[PDB]
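Here you get one chain, nothing else, as structure tokens; it is the form deposited in one PDB entry.
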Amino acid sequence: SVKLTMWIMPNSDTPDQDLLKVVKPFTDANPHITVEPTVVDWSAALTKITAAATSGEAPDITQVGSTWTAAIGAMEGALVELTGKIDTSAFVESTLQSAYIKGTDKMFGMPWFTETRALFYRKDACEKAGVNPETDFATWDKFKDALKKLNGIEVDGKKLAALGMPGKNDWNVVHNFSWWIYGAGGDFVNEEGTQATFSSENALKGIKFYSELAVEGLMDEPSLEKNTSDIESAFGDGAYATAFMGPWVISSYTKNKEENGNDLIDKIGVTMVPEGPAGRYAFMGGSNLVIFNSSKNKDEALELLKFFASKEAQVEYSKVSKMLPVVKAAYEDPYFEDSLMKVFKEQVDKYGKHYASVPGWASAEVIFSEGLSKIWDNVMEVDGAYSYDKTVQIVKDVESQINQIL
């Protein structure tokens, strides 16, 4: 049988085994094709995927972050153009924007799953502090008042930090700013995706509101020294009253109960992100699938991609990974009425905004990770007291950098 090689980022608790279980129905019905997944850690994924494209030494297939798809597809001769080979009618239409290069009709990836970041909260902490999550998290300033009530209260054998978020360089630095900028009434780029615009008055108001939560003590300043993975573990250990995180954490916290007796999962809830003056907006992310032009099994690889778009494969990978499907028929399944999953679905469906699918965005995120993290260094007073004016200068500088890339 053809052994399709496939790179995946760590999308679930046991990524390789989980992937293999989801594709077992495919090999059952296609005995000539097996799948060998290889895990590629997120911090190395852009360099490794890019090196695979430029060198010609590549697997048959790789997962690609939705925001990077245009960058890899724009590399001449790197990927197989999928335009016309995939029935787009089956997909949630909003998920297709990242499969194309913006400004063209060229599709170089197939949507695989979507995700957004929602507001997890500890029910016991909110009940003690008199915080009512559905309404007290509904707006910027109601959220802020809620953090004031939650900060420092004693739950279990610890003093809880009201909000815990990472500040260290990783791909989520910009993602965690995104919906504060959108909700303030700003954006990262103009409609054409050719000019950076997040130094606008409204964009800065969202950057100022969010970053100054830590200056005011409502967001845990020491936690800014950590990355997303460390924040997710800390919240799983009960360190924070609230945190903005993706749905995948539900897998880890559920296993923590099954394996360690940590019942955190049973005393947490999730609400949509608070609404800003622009209305509610949320980060829309996810990953697509691509076929390398160097593959010697392009026919078999396309069959596997089509399987991953099937209703049952979309549901089963959602159940194990907690990512949201991109195929409309998958939402006929009652699984997405789950109390936690339904929140992510409603939020990304109604309010999810994705970045412009331009070839330069991958290089833009490299700069964002380094540039916007300097705002957190300003908050942490690494070099001098905090000042908003220094944040404005960082944002102006980062914007200039992005403008050179575009």
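Under this definition, the rigid core comprises the largest set of C-alpha atoms superposing within 1.5 Å between the forms. Residue positions are given as counts along the sequence shown, with the first one as 1.
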query: Mean C-alpha B-factor comparison - 76-84 and 231-239, higher one; finding: 76-84
query: 253-261 set against 210-218, stretch whose average Cα temperature factor tops the other in the entry; finding: 253-261
query: Identity of residue with top Cα B-factor, from 181, 284, 290, 160; finding: 160
query: Top Cα B factor in the deposited entry, candidates 377, 338, 41, 28; finding: 28
query: Modelled-residue ranking by C-alpha temperature factor, third containing residue 33; finding: highest
query: Cα B factor band for residue 176 (lowest, middle or highest third within the chain); finding: lowest
query: Residue 334 by Cα B-factor - lowest, middle or highest third of the modelled chain; finding: middle
query: Residue 155, C-alpha B-factor rank within chain (lowest, middle or highest third); finding: highest
query: B-factor third for the C-alpha atom of residue 247 within its chain; finding: lowest
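FYI, the form deposited in another entry isn't displayed, but the following is about it.
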property	result
Option from 183, 164, 73, 167 moving between the shown form and the other one, CA shift at or above 2 Å, rigid core reference	73
Rigid core superposed: residue 35 CA moves 2 Å or more between the shown form and the other one	yes
C-alpha of residue 351 off by 2 Å or more between the shown form and the other one on rigid core	no
Cα displacement of residue 26 between the shown form and the other one reaching 2 Å, rigid core superposed	yes
